[PDB]
Structures are given as structure tokens and as C-alpha cells.
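Here is what each chain is made of, one letter per residue.
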Amino acid sequence: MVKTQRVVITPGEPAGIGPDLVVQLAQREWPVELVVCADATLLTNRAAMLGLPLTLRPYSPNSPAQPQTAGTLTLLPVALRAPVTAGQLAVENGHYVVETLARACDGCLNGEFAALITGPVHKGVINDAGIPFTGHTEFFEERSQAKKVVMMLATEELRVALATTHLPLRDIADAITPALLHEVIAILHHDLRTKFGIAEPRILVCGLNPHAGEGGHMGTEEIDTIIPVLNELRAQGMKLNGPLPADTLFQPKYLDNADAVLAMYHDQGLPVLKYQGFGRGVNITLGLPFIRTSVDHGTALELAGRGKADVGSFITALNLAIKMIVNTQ
Amino acid sequence: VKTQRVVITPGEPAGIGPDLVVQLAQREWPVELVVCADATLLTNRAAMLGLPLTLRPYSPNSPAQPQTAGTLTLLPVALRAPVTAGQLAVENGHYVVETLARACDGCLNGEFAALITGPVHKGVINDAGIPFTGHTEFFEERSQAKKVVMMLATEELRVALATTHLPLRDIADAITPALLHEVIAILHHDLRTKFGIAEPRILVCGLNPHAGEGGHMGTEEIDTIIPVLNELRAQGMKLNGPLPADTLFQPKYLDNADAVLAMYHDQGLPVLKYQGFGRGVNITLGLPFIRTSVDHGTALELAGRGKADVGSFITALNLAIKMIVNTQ
Ligand SMILES: [Zn+2]
Ligand SMILES: [Zn+2]
């Protein structure tokens, strides 16, 4: 037989919509135990504000996991630094947020949890707390000591991975080196196989310049670097199509035959993806020893505690992580 | 009110332009279709395609008449050499340029209400020894336009670009306050005068991801884009601040805007094309007159085949007609 799996969930910024969404997630049944790494009173209070029921059971590593039943959550306690008011940032709680991220990450690394699903966090308040922080991705990449991770955004079957992420537009070109493409594609191909269960992944690659450089008249990176690397990889047996113009690549004739698209940078790949799934969009981090998914939106402070939060993205992030667990177990 | 005339240039004679125009002709139109080309070229390409075609002479002294199915109105310009579909003939470069000049002058003089252009081949024109820096450039110069802004639109979305075909590494330094002021002024101006929108609402993309996230991801938004937009909003222009490109393309935004200004090519066209694709139409903003254009090349390998696909030519023409209707 199999064992009930546990997934760890970090609601994120206490004053944002993360806690609201996690209380909303809890209103249905799940085939895994949902271990929520947060402050008990925070969830209890927020649930009351939303008029939703919630009973918390303690994370108990020395007992078998049990599927999470509606109206409940399993809690791995982490104390808040200061009292919370929905919508208002409290600098000291920045340490609390990171503490939950660290504990959740470690549990995934120690094998306590089969996946990690993150709610939104406010980077500002974390830095104000004196903790350098540029996002979950960099945080997990570093704490997990992974050589490199790749960010991916996905809806149903349409998946876009990024060669570069949150960098100024002007720093992108010089970052596209043979070393980067080799690592990024290796990780993408690897995880599509190990985490997505795709035996022979087919990757669609964007050029860096409009028209993919149009034969060198619009940039030389495709001819100088991208093409040589892709062919080096195709000789290794990888199935790659491209580089292709970004404004041409997102078509059925190309997408129907690809398991993922690799964009050279953030705004080249995400706009199409987002305009294809308001909610439903899921941020996935590839290259880590464990499965990590996440909502694809912000903390929406102005909505915290008011009852009008869209749980669509968190639900899909959770569903996806659960489905990926099998491919690894 | 009164029937308007639009002028159409099929373009490179050996290309698919004539093919598309002959197909365009197979239906009725609410405007008179004045095609600036060689009569023989059109009748021959018609025969090759098995489509019927009757040409009536452009008669400026008579009232314009809506174009009837199976016909086109002709503004004659003679080929310099015989045409073979699919083969470029340098001598006909002079013919191509003459049709562009005549059509352009007609739009500047009030003879025609809009110009819809078929595909042209720059290489053959240049190889004939003819100074010519490009299709839209030709019109920009002949019309004495100071600056043009390229836009791609369908019916539910209009995307203008601050920069077009530049290597990605050249974009950042190209986004200057002067370029931005210029581009937005034209965009705001034309949404008024060419699309007939009284109080245009424009969504503006940041240059950097997350619109630079308070300077944590680039400084262009704080150093350049935000100041320019602030200045223009002070002029009543409805500009929705630099928004992250990956959140901007959404109803709470789009349904509230008449156009989106993207900073560069791959930031705005992928979504436009995904939301439409063949539905796309290129509109040149900044000229003294309305000009729309097909979105494909001369496709010489398809010329005279029968698999043309006048689809995009129809969308470009329909779009120009609507613009004429909403501005008269
Ligand atoms: Zn991002
Ligand atoms: Zn282009």
C-alpha cells in the first residue's frame, strides 16, 4: 500500500490574503494532510473574520498522516512577533514570515513533507526587518543549496519556464550565456521527466530578440549562442524546437507538440500565460530536491479579512503539487 | 453619409498582393475600392485564380459608389516589365514605388479617405537602384511626418509599441523621455482623430518586469516613465501608470482601456497575437491620414497558387472602413 502524504503550506504575509485563502482552502476535503506552518491564533482569528469554521489539529510527525477533512487544517506552529491587523504591515512579523519559509523548506528537505505550497509574501516588510529577500525562489534555491532553480508559470498543459527572471531588462542580454542555457534547459528537461512524469519531454524555445534575431539583422545572440547550445543538447538526445520568434511561437502548431516553452525573460513569456488564466495560474519552482508550487499573485493587503479573496490560484497550486507527488513517489 | 473612397496598393506585383486584392473583390463593400495598380496584372492574376473580375475606371468627377462584388475601381499605373508570379523583376521596382507615391499623394490631397497596403519587397526595389528605406518609411517621408508609431490591433485590443525591431539589448537606452513623450502624444492624438475616441484611455507597460518594482528591478520607471506619465496626466490624458506587463493584460484593465502602450516588440505582440492572431492588423499612427496594412510578407512562393488567404487583407480593410465611419 501507500502512505497518506503530507504537504506543507506557508500562508505568507500575516496581514495579507494568504491566511484568508488557506482558511478558504480548508473548507473542502483533501487526499493529503495539509500541514500549515503558521501561528494558530492568526488562522483562528482570520477564519472568524471570514465567518468560516476552522478546527486545527497538531502536526504530529510520530503518528500516521491523515487526509485533511473539511473545516480543518493541521498546524505546525510558528509564533508571530507582533499582533496582526489585516491590511497593515508590521515589520517585526517579517522575521515570522521567514521563519515559516525556513521551517517549511527544511521539512521538505528532511522528508517530513512531500511538497511545499506558498501563499503570497510582501518582500518590502521582510527587507525592512533586516532580512535580505528577493522572493521565494531565491530563498529556497539558497536554503536548499541547489546549484540553480528555474521558475515556471503554468495553467493546464501550457507551461512557461524562464531563462532569466526578475532582472532589469537591460541586464538580460549579457546574462544569456552558454552556461546559463545549459543549466536551465537541463533542469527543465530533468523536472519535466521527474516531477511531471514526462518520459521524453519536448521543449519549445524562444529566441532572445524579436523575430528570433531575423537571421542576424536584429541581434546576434541566437546565431552566436542559443542555436549552438540547443544543437549541442539535441545531439544529447533532447527534443527541442527553436529558437522561434516569441510572437509566433505561442500557436497550436507549435504548442500542441511541446510540453513546455522556455522564454528568455520574464515579460516575454508570462503575459501570454497570464492572459490565458486569470486565477488558475501556478508558479512552480524547478531544480529543488522537492516539489514547490505557489500562488501567482500578490498579498492584496486591501482585501485581507474582507471575504472577497479569489482562492482559485491557491487551489490550483495545491491540486498541482498533489498531482506531482505521484511522479516522485 | 457620403460614400467614401479608399485606395489600395497591392504592392509587389510578383507577390501575393494582387492575389489577395482579386479575392477582396469577390464581395461587396460600403466604400469604393480604388486600386492603384496595373489593370493587366489584376485581370491576369484573376484568370490564374479562376475568379471573375471587372475593372471600372477611377472617375473623381463622379460620386464614389460602394464597390460591387466581382469588381474593383482602377487608378492605373503601368508595369515596367512582364510579371511572372513568384519571380522578382528589378524593373518593376519603379512600378511599385510609383503606386505607393500616387496612393500617398491621393490621401494627402483628399482624394482618398484611407490607404490599405498590400505587401512589398524592399530588396528588389533597392536592387533596382531605388533609394527606399522601407514601406512605412516611404509614407512617413513623403507625407513629411515627424514621427510614426506602429500599432497592431484586432477589435478587442489595440497595442502600440514604443520601440519596434531592435535587438533586445538596445531597448533600455532607447526609452528616453523624448521618445516616450512623442510616442504617447501621437497615440493619444490618433485615438482621438483616427479612431474617434474623445477621451482616450491608455494602459502603459513598465519597461522592467513588475514595472521595476519600486526601483528594485531597474530604474527606468522612476527615472523616466513615471515622470513623463505624470506630466501627461496633468494634461488630462488618461494614462494608467506603468503596470507590470504580466498583470496589465486583464479585464479590470483592458475592459477599461482603448489601447495599450508596450515598451518593446515582444512585450506586447505575443499577447495581441494570442488573443487574435490572423485577426491582427498593422496601423501606422502619426501620418496625416489613415493607413492600415496586411501583416504578412509578399510570400512569392505562394503567388498565383490559389491558397493565398485574403483573411488579413480583409481585416485591414474592414478596420480602415470602421475608422473612417467613426471619424466622419
Ligand atoms: Zn515575476
Ligand atoms: Zn515584428
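Residues numbered from 1 in each chain as written, not as in the entry; some residues may be left out. Chains lettered and ligands numbered in written order. Heavy atoms only, no water. Residues with missing side-chain atoms left out of burial classes, pairs and counts.

Method of determination, as given in the entry header: X-ray crystallography; reported resolution: 1.96 Å.

Asks: Could you give an account of the overall build of chain A, with specific residues and numbers?
Replies: In terms of helices and strands, chain A carries 12 helices and 12 strands. In summary, chain A has a C-alpha radius of gyration of 20 Å against a globular reference of 20 Å for 329 residues, a match within 12%. At a minimum sequence separation of 6, the contacts of chain A that also span at least 24 residues come to 75%. (Helix = DSSP H or I, 4+ residues; strand = E, 2+ residues; numbered from the N terminus. Rg over C-alpha atoms; globule rule 2.2 N^0.38 Å. Contact = heavy atoms within 4.5 Å.)

Asks: I'd like to hear about the state of the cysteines, residue by residue, with values.
Replies: Taken as a whole and judged by the stated rule, the model has 0 disulfides over all chains. Not engaged in a disulfide, the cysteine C108(A) finds its nearest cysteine sulfur in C105(A); these two sulfurs lie 6.7 Å apart. Take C108(A): its relative accessible area is 8%, and that puts it in the buried class. Free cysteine: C205(B), not disulfide-bonded; nearest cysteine sulfur from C206(A) at 17 Å. By relative accessible area, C205(B) is classed as buried at 0%. (Disulfide = S-S within 2.5 Å. Buried < 20%, exposed > 50% of the residue type's maximum accessible area, 1.4 Å probe, protein only.)

Asks: Quick one: what's the story with the coordination of the zinc ion (ligand 2), residue by residue and with numbers?
Replies: Taken together, the protein donors to the zinc ion (ligand 2) comprise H211(A) (NE2), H165(B) (NE2) and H265(B) (NE2), at separations of 2.1 to 2.2 Å. Of this pair, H211(A) sits in the loop between β8 (202-206) and α8 (221-235) while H265(B) sits in helix α11 (residues 265-275), placing the two residues on different chains. (Donors = N, O, S within 2.8 Å, 3.2 Å for Na, K, Ca; no water.)

Asks: Help me get a handle on the sheet that holds strand β12 (residues 290-293) of chain B, residues and values and all.
Replies: All names here are of chain B. Read from one edge to the other, the open sheet built from 12 strands follows the order β3-β4-β2-β1-β5-β12-β11-β6-β7-β10-β8-β9, with strand pairing classed as mixed. Each of the sheet's edge strands pairs with one partner strand only, and the pair in question is β3 (54-57) and β9 (238-243). Ignoring strand direction, the axes of neighbouring strands in this sheet form an average angle of 30 degrees. As defined by bridge partners, β3 adjoins strand β4 (residues 71-76) across 4 bridges and the pair is classed as parallel. Following the sheet pairing, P57 is matched in β4 by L74. (Pairing = 2+ DSSP bridges. Axes fitted to C-alpha atoms, helices over the stretch in contact; angles between N-to-C directions.)

Asks: How would you summarise the coordination of the zinc ion (ligand 1) if you had to cite specific residues and measurements?
Replies: In this structure, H166(A) (NE2), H266(A) (NE2) and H210(B) (NE2) serve as the protein donors to the zinc ion (ligand 1), at separations of 2.1 to 2.3 Å. On the criterion of chain membership, the pair formed by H266(A) in helix α11 (residues 266-274) and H210(B) in the loop between β8 (201-205) and α8 (220-233) is interchain, its members lying in two chains.

Asks: Got a sec to walk through empty space enclosed by the protein? Specific residues and values, please.
Replies: Taken as a whole, the largest cavity encloses approximately 40 Å³ of empty space. Along the walls of the largest cavity sit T165(A), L167(A), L169(A), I172(A), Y265(A), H266(A), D267(A), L207(B), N208(B), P209(B) and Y264(B), which together make up its complete lining. Considering only residue class, the lining of the largest cavity consists of 7 nonpolar, 3 polar and 1 charged. Approximately 30 Å³ is the volume found for the second largest cavity. Lining the second largest cavity are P210(A), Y265(A), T164(B), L166(B), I171(B), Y264(B), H265(B) and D266(B). Each residue belonging to the lining of the second largest cavity can be placed in one class, and the counts come to 5 nonpolar, 2 polar and 1 charged. (1 Å grid on protein atoms, 1.4 Å probe; cavity = no way out; pocket = protein on both sides within 12 Å on 5 of 7 lines; lining within 4 Å. Points joined across faces, edges and corners; volume = space filled by probe spheres on them. Nonpolar A, V, L, I, M, F, W, Y, C, P; charged D, E, K, R; others polar.)

Asks: Run through the packing of α11(A) against α11(B), naming residues and quoting values.
Replies: Packed helix pairs are specified by the crossing angle of their axes together with the interaxial distance, meaning the distance between the axes. Axis separation between α11(A) and α11(B) bottoms out at 8 Å; the angle between their running directions is 25 degrees. If you check the angle between α11(A) and α11(B), you find them roughly parallel. With respect to the hand of their crossing, α11(A) and α11(B) are arranged in right-handed fashion. Between α11(A) and α11(B), the contacting residues are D267(A), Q268(A), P271(A) and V272(A) on the first element and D266(B), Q267(B), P270(B), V271(B) and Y274(B) on the second. (Parallel < 35°, antiparallel > 145°, perpendicular 65-115°, else oblique. Left-handed = near helix turned anticlockwise from the far one by under 90°.)

Asks: Account for unusual backbone geometry, naming residues and giving values.
Replies: In this structure, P243(A) follows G242(A) across a cis peptide bond, with omega equal to 0 degrees. Structurally, the position occupied by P243(A) is in strand β9 (residues 239-244). One non-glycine residue with positive phi stands out, namely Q145(A), at about 60 degrees. Along the polypeptide, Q145(A) turns up in the loop between α5 (136-143) and β6 (150-154). In this structure, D309(B) takes a positive phi of about 105 degrees despite not being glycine. By the element assignment, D309(B) lies in the loop between β12 and α12 (311-325). Classification of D309(B) as exposed rests on a relative accessible area of 57%.

Asks: I'd like a description of the interface of chain B and chain A, backed by residues and values.
Replies: Contact residues are listed per partner, giving 31 residues for chain B and 31 residues for chain A. For the pair chain B and chain A, the summed buried area comes to about 2,900 Å², and 59% of that belongs to carbon and sulfur atoms. Together, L168(B), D266(B) and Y274(B) form the three largest contributors to the area buried by chain B at its contact with chain A, with a combined 25%. Where chain B packs against chain A, one counts 7 salt bridges. Joining chain B to chain A, the criterion identifies 14 residue pairs in polar contact. Where the side of chain B that touches chain A is concerned, the elements lending two or more residues are α6 (171-174), α9 (245-248) and α11 of chain B. Top contributing element to the side of chain B that touches chain A by residue count: α11(B), with 9 residues. Taken together, the residues that form the side of chain B that touches chain A break down as 16 nonpolar, 8 polar and 7 charged. (Buried area = accessible area lost by both parts, 1.4 Å probe. Salt bridge = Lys/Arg side-chain N within 4 Å of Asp/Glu carboxyl O. Polar contact = N/O pair within 3.5 Å; in protein donor to acceptor, adjacent residues only side chain to side chain.)

Asks: So, the side chain of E13(A): which residues are in play, and what are the values?
Replies: Considering the arrangement of structural elements, one finds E13(A) in the loop between β1 (6-10) and α1 (18-25). Buried charge without a salt bridge: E13(A), with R46(A) as the nearest opposite-charge side chain at an N-O distance of 7.5 Å. (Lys, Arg positive; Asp, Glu negative; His and termini not counted.)

Asks: Residue-level account of the pairing of strand β5 (residues 114-117) of chain B, with values.
Replies: In regular strands, side chains alternate between the two faces of the sheet. Residues and elements named next belong to chain B. With burial as the criterion, each face of β5 is covered, one bearing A114 and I116 and the other bearing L115 and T117. Pairing of strand β1 (residues 5-9) with β5, which is carried by 3 bridges, proceeds in the parallel orientation. Across the sheet, residue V7 finds its bridge partner in β5, namely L115. In this sheet, β12 lies alongside β5 in parallel orientation, the contact comprising 4 bridges. Opposite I116, over in β12, you have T292 as the bridge partner.

Asks: Mind laying out the pattern of salt bridges, listing which residues take part and the relevant values?
Replies: With the rule as written, the count across this model stands at 24 salt bridges over all chains. A salt bridge links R57(A) to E33(A); the nearest nitrogen and oxygen atoms lie 2.6 Å apart. One end of the pair, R57(A), is in strand β3 (residues 55-58); the other, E33(A), is in strand β2 (residues 33-38), with 24 residues separating them in the sequence. A relative accessible area of 24% means that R57(A) is categorised as partly exposed. Across the pair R45(B) and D19(B) runs a salt bridge, and its minimum N-O distance is 2.6 Å.

Asks: Break down the sheet that holds strand β10 (residues 260-263) of chain A for me, with residues and values.
Replies: Residues and elements named next belong to chain A. If you trace the 12 strands from one edge of the open sheet to the other, you get β3-β4-β2-β1-β5-β12-β11-β6-β7-β10-β8-β9, paired in mixed fashion. Looking at the sheet topology across the chains shown, the edges are occupied by β3 and β9. Taken over all neighbouring pairs, the strand axes of this sheet differ in orientation by 30 degrees on average, direction set aside. Across 4 bridges, β1 lies against β2 in parallel orientation. Of the residues in β2, the one forming a bridge with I9 is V36. Where α11 meets the sheet, it contacts β6, β7 (159-162), β8 and β10, and its direction lies at approximately 160 degrees from that of β7.

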